[PDB]
Each structure stands twice: as C-alpha cells, then as structure tokens.
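So the structure is just underneath, and the comments pick up after that.
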Amino acid sequence: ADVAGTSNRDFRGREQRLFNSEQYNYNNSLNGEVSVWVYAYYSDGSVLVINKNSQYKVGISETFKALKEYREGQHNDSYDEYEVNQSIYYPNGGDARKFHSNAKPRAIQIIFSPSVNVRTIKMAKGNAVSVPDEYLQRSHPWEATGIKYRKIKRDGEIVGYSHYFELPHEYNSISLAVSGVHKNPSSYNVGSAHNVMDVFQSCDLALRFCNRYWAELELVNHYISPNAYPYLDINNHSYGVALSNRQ
Amino acid sequence: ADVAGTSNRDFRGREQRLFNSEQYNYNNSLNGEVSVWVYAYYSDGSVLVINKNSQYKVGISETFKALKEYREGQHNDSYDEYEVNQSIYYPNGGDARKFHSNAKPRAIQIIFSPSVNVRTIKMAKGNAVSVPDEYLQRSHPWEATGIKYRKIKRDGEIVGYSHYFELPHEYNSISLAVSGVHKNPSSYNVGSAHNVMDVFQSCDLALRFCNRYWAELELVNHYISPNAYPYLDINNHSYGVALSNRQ
Amino acid sequence: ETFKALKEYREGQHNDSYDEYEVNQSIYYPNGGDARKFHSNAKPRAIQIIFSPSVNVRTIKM
Amino acid sequence: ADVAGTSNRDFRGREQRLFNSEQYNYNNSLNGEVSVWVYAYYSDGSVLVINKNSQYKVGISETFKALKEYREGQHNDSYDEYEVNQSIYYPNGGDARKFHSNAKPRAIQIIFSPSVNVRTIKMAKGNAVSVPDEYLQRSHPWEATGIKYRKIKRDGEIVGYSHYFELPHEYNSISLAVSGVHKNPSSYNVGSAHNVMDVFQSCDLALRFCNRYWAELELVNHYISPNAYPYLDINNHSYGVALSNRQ
Ligand SMILES: Nc1ncnc2c1ncn2[C@@H]1O[C@H](COP(=O)(O)OP(=O)(O)OP(=O)(O)O)[C@@H](O)[C@H]1O
Ligand SMILES: Nc1ncnc2c1ncn2[C@@H]1O[C@H](COP(=O)(O)OP(=O)(O)OP(=O)(O)O)[C@@H](O)[C@H]1O
Ligand SMILES: Nc1ncnc2c1ncn2[C@@H]1O[C@H](COP(=O)(O)OP(=O)(O)OP(=O)(O)O)[C@@H](O)[C@H]1O
Ligand SMILES: Nc1ccn([C@@H]2O[C@H](COP(=O)(O)OP(=O)(O)OP(=O)(O)O)[C@@H](O)[C@H]2O)c(=O)n1
Ligand SMILES: Nc1ccn([C@@H]2O[C@H](COP(=O)(O)OP(=O)(O)OP(=O)(O)O)[C@@H](O)[C@H]2O)c(=O)n1
Ligand SMILES: Nc1ccn([C@@H]2O[C@H](COP(=O)(O)OP(=O)(O)OP(=O)(O)O)[C@@H](O)[C@H]2O)c(=O)n1
Ligand SMILES: Nc1ccn([C@@H]2O[C@H](COP(=O)(O)OP(=O)(O)OP(=O)(O)O)[C@@H](O)[C@H]2O)c(=O)n1
Ligand SMILES: [Cl-]
Ligand SMILES: [Cl-]
Ligand SMILES: [Cl-]
Ligand SMILES: [Mg+2]
Ligand SMILES: [Mg+2]
Ligand SMILES: [Mg+2]
Ligand SMILES: [Mg+2]
C-alpha cells in the first residue's frame, strides 16, 4: 500500500473526513434533528438544563414556578416558596419569610443546534403570571430575537447559537418559551399538505430532558462534552465539535 | 390651548380613547393572543386556576388526578389519595379511608378571552380514566359547547365568555380538555401552507400558568383584577375592563 | 468574627447544617470538603462597617 | 550574566533567602503576630482546633462544656450530654445514661508560634466548674508553664512551642485558658502609656478560628501544612517551615 498521510490513496483518512462531513450535513437535512436548550443559572452555582430534540421544529415552554430551583431529595422551603410565588404574582400577595428567593434564576442561556434557522427563532419572555407584554390585550405573543444570537464557534465552524440574558434585579421574574425551526433552504414546505401529518407526529416524537447539575464545571464535563453539544461558559469560552470537512 | 373636555382639540382625550381601542382591536387581530382559563373550585373554598395564552388557538388538557386539590408545602393525605384514585378508576378498586375526597373539584368554570371565536370552542369532558364518552369505540373526541357560553359583559362590552358546570354529585369524576381558536373573519387561513409553521411554533410559544388561590375573593383581588382578566363570580357578578372606544 | 460566624443563620429554620459543615471544610482548604453545592447562599455578599460619629476615624483598624 | 549557583551575582538566590528571612524576622518584630492553638483530641480520633492570632499577646479561654466534642449537623446525645455535665459539675448530680462521655477530650496540645516569649506563657487549667485550684479562695489564677514547652524544630530552627498533656483518667475533667505575650527584647513597653490603647485595640482585632477535623491526618494535611503552621503529631514528628537564612 501507499504510506499513510502521503497520497490520495489514504482511504482511512478520506473515510474519516467523510464520516464527519456526513454527520454535519445529515443534521442539516430535513431528516435531521433541531435542538434547543434552556439553562437557568441559580445563585448556588447550580444550573437547570431543559433540552428538547425534534425534527422540523422545536421549543420549550416553562412557567415562573417551573424555572425556580428544585433540589431533588432535599429540603426546598416548599411552603415558604408557595408564599414567595404569591408575592411574585402580585406585590404584597404573599406571607413569605424572605425578601429574595435564592431559587429564582440569576440568568438564562438559550442555545440552539446549528441546524436551526436563526431567523425563525421566537421567544415569549413573559411576566410571572405568563403574560408576554404587561397585559394580554396589548401582547404580541413572541419577539423574533435571532439577531441577538451569537455564533458558538470551534475551529471556525458554527456549532450552535446562544442568547444569554441575566436576571440580576429583584424585578426580573419571568415565564419563558422559545421556539426555532429547522433550516430548510428548499422550496419544499415541510408543513405543506404532503408532509403536515409528519410534523404533527414530530410534536409527539420530540424527546425532552431536564436535570439540575451542581456547577457549570459538572455541566461542561458531564452534559455538554460527552454528548458533543455546543456551549458557552461564563468566561465566554466556546465548546462543541467541528465536523464539516474535518478529521 | 382650548379648555379640556369642551372641544375636538382635546388631543389628550382623543389619544386616551385611541389607546384603549387599539388594545381591544390588537387582541382581535391575527397578531393577538387568545386565552383560556380553567377554574376548579374545591369544597374548602380554594380555587385552582390553569391559564394558557397563545396565538392562533389555545387549549388546556388535564387528568382527573391533576384537577384534584393540591396544597403546596402542606399534608395532602397523599397515600390515601392514591387509594381514592384507585377507587375512582374502578368501583371498589381501592382501599381508601374516606367515602368522598375533599380534593375533588365541586365545580369547573371555563373562561375564554373575547378574542376567541365561540363557534370554534371544543371540550372533551371525559370520565376518570380519560375516555370522552363511556368507551373509546363510541366516543366522539369532543363536544362543540359554544352555545352554552355566557357573555361576560362590562359597560355593554363583551370582555370574555364563560361556561360553568357544577360537579356536586358523588359520580361527577372527570378528566377535562378544552380548546378554542382565535377569531379570524378573513379568508386568510392561519393554518394554510404559508403560515402553518408559525402555528406549529405557537404551540411551543404558548405560555402557561397555574396556581391555587385560597378564596374567590383572593382570586378576584390578586389574579383577575390586576391582570385585566374577565371573570364571573359565584354571585353572577362580571369582572373585566371595557376598552373599545372608551376612555 | 470568624468566617463561620458571618454565614447566614436562620433561627428556628433549616440551614443545611451538615452540608454547611462540608462547605466550611471546602472553604478552609480547596477540595477539603464533600458539599453538595458550588456556592453557599449563606456566605455574605457584602459588608458594611459603620462607626458612631464619636470615633476618631484615624484610629480605625480592620 | 553569571551562571546560576556559581557566584555572588545570583540575585534570584539572594532575594529568595532574604524573602524568607524577612518573613521570619517580621513575625518576631513588635508589628508581628503572636499565635496560639489549643487542640482537643477525642476518642473517635477527631480533633477540635481553636486558634487565635493577634498582635502583642494572645490567649484562648474555654469552658468544660465548650471543649466537649460537637459534631456539626449530626446527633450529639444533647439531652443526655446536659445530664453528663450535671454529673461532672457535682458527683451524682445528673441522670445520665452513660458512665463516660466519649465527647470528653482525651488530650490537649497547646502550641504557640515561635514569636511568643516562652517565659510569659500562662495557663489556668481549672476544674469542670472553672476554678483553677480546688476553691477560689486558695487559687492562684494561673501557672507559668513555659519550662514544660518543647521546641518544635525543622532543619534546626524553632518553628513553635508545644505543651501536651493527656486526660486519660475518669477524673480528668477540665476548663482551660492559656495566654502568651509576643517577644519583646527591647525596653519599649508595648503596654506603656504611649501604646496602651493599641494593645486594647489588638484585643478587638484578634482573629479567631475553630473547627473539628476528623483525624490527625486531615489536620496535618488540610490545616497545619497549607498554612505553614507548627505541629507535633502523636508519633512525635515535627511539622512547620524553617525560614531564617534559608531558600
Ligand atoms: N447560516 C449558516 N449556517 C451554517 N454555516 C454558515 C452560515 N453562514 C455562514 N456559514 C459558514 O460558517 C463559516 C463561518 O462563517 P461566518 O460568516 O459565521 O464567520 P465570520 O464572517 O468570520 O464571523 P461573523 O460573520 O460571525 O462576524 C463559513 O464556512 C461560512 O461559509
Ligand atoms: N362575536 C362578537 N365579538 C365581539 N363583539 C360582538 C360580537 N357580537 C356582537 N358584538 C358587539 O358587542 C356589543 C354587545 O352586543 P350583544 O349582541 O352581545 O348584546 P345584546 O344583544 O344586548 O345581548 P345578547 O345578544 O347577549 O342577548 C355590541 O356592540 C355588538 O356590536
Ligand atoms: N528564644 C529563642 N527564639 C528563637 N530562636 C532561638 C531562641 N533560643 C535559641 N534560638 C536559636 O535557635 C536555634 C536552635 O537553638 P536551640 O538552643 O533551640 O537548639 P539546641 O541547643 O540544639 O537544643 P536545645 O537547646 O533544645 O537542647 C539556634 O540558631 C539558636 O541561636
Ligand atoms: N412562610 C412560612 C414558611 C414556613 N412555615 C412553616 O415552616 C414549616 C417548614 O417550612 P417549609 O417552607 O415547608 O420548609 P422545609 O420543611 O424545611 O422544606 P421542604 O418542605 O421543601 O421539605 C412548614 O411546615 C410551615 O408550617 C410557615 O409557617 N410560613
Ligand atoms: N388508606 C390508607 C391511608 C393512609 N395510610 C397510612 O397513613 C400514613 C399517613 O397517611 P398519608 O395518606 O400519606 O397522609 P399524610 O402523611 O398525613 O399527608 P402527606 O403524605 O401528603 O404528607 C401513610 O404513611 C400510610 O402508611 C394507610 O395505611 N392506608
Ligand atoms: N453533604 C451532605 C449534605 C447532607 N447530607 C445528609 O442530608 C441530611 C439533611 O441535610 P442537612 O445538611 O443537615 O440539612 P437539613 O437537615 O435540611 O437542615 P438543618 O440540619 O439545618 O435542620 C443530613 O442528615 C445528612 O445526613 C449528607 O449526607 N451530606
Ligand atoms: N438521660 C437521658 C437521655 C436521653 N433521654 C431522651 O432521649 C431522647 C433523645 O436523646 P438525646 O440525648 O437528645 O440524643 P439525640 O436526640 O439522639 O441527639 P441530638 O439531641 O443531639 O440530636 C431525648 O428526647 C430525651 O427525652 C432521656 O430521657 N434522658
Ligand atoms: Cl432533505
Ligand atoms: Cl390581522
Ligand atoms: Cl519592632
Ligand atoms: Mg415542609
Ligand atoms: Mg404520608
Ligand atoms: Mg440536618
Ligand atoms: Mg434529642
């Protein structure tokens, strides 16, 4: 045989680069996944992740209550936290024994897979009673926030898209839903009559994941990295795997 | 300037009436919200509210178990209540230490925003095992109940629609789903191919809210009124805000 | 005051007292403890020291 | 440049030796710390450390009750231990369900920094009701125990002073206070009128530390060693860092 890494007859090398390009391009096909993650960051350094993975389009919708920190199998001040909610829904509406619940998220990061079309991203960042914009009567049900998404890059390749906003103020009490559509550069509408029932099925077939990790380190080590997911950490470092035309 | 309230040059007054009419009419546009609430009334006077707000259409679907009273951070007879469920799913199926669970709703009120089209409202009021009509084989999956909805009115204006039914009998054990579609007097189908993917996104973007309030008074004071929501109380009094062509 | 003494203590409520022992061990020496949190919410976020106007400011020591 | 370690022009080496000598000599100046530690050794192998660090002079004073083992966030037989105390304060004074409390220290080690003057060390080793010598009327309030302190040495340098006494007998129930004064070879009295108010301030500025470590190993690894503290272990091994005229 030829010697490795010296000619066009390194079929091992050619197949390695094709294997990776195929993964990159499959994900971008209409047969591929589009994925979203919501990360809610708590003052104790823990992070709630909610992930959903689906064909065609994908989204996550959570209440104020659902985004609050919950420590499985430990005490959570559950009665006092009921009272916290009452005071967040209406000023002076509760009888809580704290000014600020440490269960409230300090920040949110929304990441989409690179298979999303950024121009299709929509977000409804509502108040604590789940109203998008002050009162229902004056609410557009979403904002198209795509222009705010930063490209998460590794080796020059976009491995995902991130929108990050902090909630550092006492009045930052939110409900949250986000949605994006899989890229489709073709003129075949995946929701046209020929394929619409398959999009209805994708809504049922979408796989969801949620877990609270104890630290961003643990999230990077045990969630992001093992699964080849994109991520952007507090220090603005990008994680993910470049695949297009790469060994 | 002219004197206030004496001529057509009271631009403050004209803008006030326009501000309110715009809110009313925006809500009724295809860009606007449609909203539904389910209120489940318990014998201790408390009220579970489930709200969902979304573009195009909206609905809520709950199990028998999910509609039962749950007191956050307090005792709920949770083991006995497991046994209650077993006896509700099949007669004599459980080993409960009570004849009647006080966690079962005594009544349900369904309210839609005035942006719904009443003729599109559908409800699936199922038995405790989530069958619409006795056995699946003979079940139409919904009833169109719009003719039963009463107009909630303030100052002559429809501020919402209410369907109320009591569950006062031992055999009134239900699962419940309800759905309505946003008004659309145009011949532009929001679910036609041009916009169908946006309706799929609206399903993900819909914002949900749920909370148990201790009394109808607390619900009227701290939920309905602050948010300019429509409501109909036990005494048949209407709440909400008239906005069309009003200061 | 000690590090331990300045940490939040909620009289008559739960304080994660065992976990907080472990937090202290990890604060005294890196990786010295076995705590189930990265950041204890009991740690002060700020300190304000106020003296009466009867102090001589040039004598203040910390 | 000259070659490293071959001439008087190794300024890196000269500065390294000066850096260490300066630390040694600063500590011995009147501007420097004097420090004391009390280690109370329990039968479960755990060790309570109490440390105080201050200018001019330093001391620690503890009750019988305060020197007993306390396991943070675990059970401590707290009611029975109240009864133990009553029986230690006066024979047959309590109603305890044990003959010997395993919370009682088996030994005490007192260590001073090498900045103390050993001739100034004073100790009040009282009975369980905090009387130095049987009855108050006949009690000198302290013993000058300096002659009993062993030099803890590393590389020929005194890194601290240790007095160790075991409490292996049923009747060894003590209260304990110890005090030492910072070296002052000068004829400037730090407590004379010129500086007395600064010594009063040092009493308030003194920093204290206390913690229970699970084993002498853990104490040596995570308390003594990281902080360059002197120590003498059960096997008579010395720990600390020699600094005078050393790289
Ligand atoms: N929407 C897209 N989806 C996937 N890949 C893209 C997209 N737009 C550009 N690329 C490709 O990704 C790589 C990086 O291009 P990009 O324009 O993001 O980088 P840049 O111009 O250096 O940075 P930026 O545009 O963020 O200032 C290029 O190979 C480019 O062809
Ligand atoms: N589907 C609708 N959506 C919004 N507004 C409506 C609708 N139908 C009528 N209206 C308007 O609402 C106001 C009240 O009309 P409505 O017919 O409800 O009252 P009514 O005839 O006095 O009472 P009812 O018809 O309930 O006996 C009128 O201004 C009317 O033009
Ligand atoms: N009070 C002191 N404080 C600090 N250093 C001292 C003191 N006394 C002596 N030294 C110095 O410490 C080093 C060790 O002296 P030291 O006399 O302690 O040892 P030794 O005579 O071998 O042992 P020992 O005297 O304990 O039998 C010498 O450099 C000495 O000059
Ligand atoms: N505003 C509050 C907060 C707490 N409590 C009381 O304190 C007890 C414990 O408080 P809780 O909020 O439930 O905290 P934990 O029990 O410690 O945590 P968890 O319920 O999550 O296990 C409750 O039984 C409740 O009676 C109260 O009276 N009113
Ligand atoms: N039909 C029943 C009802 C109750 N129990 C027992 O009674 C105990 C307490 O009852 P539970 O139904 O769980 O009520 P609470 O503990 O008071 O309320 P909660 O669980 O919601 O805190 C349970 O441990 C269960 O063993 C039982 O044996 N069989
Ligand atoms: N790092 C930790 C933290 C907690 N626990 C266990 O969890 C239980 C409860 O945790 P704790 O820290 O003591 O919190 P609370 O009991 O809820 O609060 P408090 O002790 O202040 O009343 C303890 O008995 C302990 O066994 C543990 O195994 N290790
Ligand atoms: N001489 C004693 C010892 C114990 N008790 C009883 O035993 C119970 C538990 O004993 P305690 O000494 O308090 O040990 P723990 O509860 O296990 O530990 P802790 O209190 O430190 O959590 C107490 O409520 C007390 O009523 C008693 O009657 N008389
Ligand atoms: Cl394709
Ligand atoms: Cl429109
Ligand atoms: Cl000096
Ligand atoms: Mg509780
Ligand atoms: Mg129970
Ligand atoms: Mg505990
Ligand atoms: Mg006890």
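Throughout, protein chains are lettered first and strands after them, A, B, ... in sequence-line order, and every chain is numbered starting at 1. Every heavy atom of this structure was used, including side-chain atoms; hydrogens, water molecules and symmetry mates were not.
- Within a 6.0 Å radius of CD1 in C:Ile60, more than 12 heavy atoms belonging to other residues, nucleotides or ligands are found.
- At most 12 heavy atoms of other shown residues, nucleotides or ligands fall within 6.0 angstrom of atom CZ in C:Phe38.
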Check chain A against chain C and list any donor-acceptor pairs under 3.5 Å.
from    : atom 1 : to      : atom 2 : distance (Å)
A:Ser43 : OG     : C:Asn41 : ND2    : 2.8
A:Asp44 : O      : C:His39 : N      : 3.0
A:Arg71 : NH1    : C:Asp16 : OD2    : 3.0
A:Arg71 : NH2    : C:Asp16 : OD1    : 3.2
A:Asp77 : OD1    : C:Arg10 : NH2    : 3.2
A:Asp77 : OD2    : C:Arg10 : NH1    : 3.0

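- Proximity to chain C among residues 146-154 of chain A is not found for any residue, judged by heavy-atom separations below 4.5 angstrom.
- With a threshold of 4.5 angstrom between heavy atoms, C:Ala35 approaches chain A through N, CA, C or O but not through any side-chain atom.
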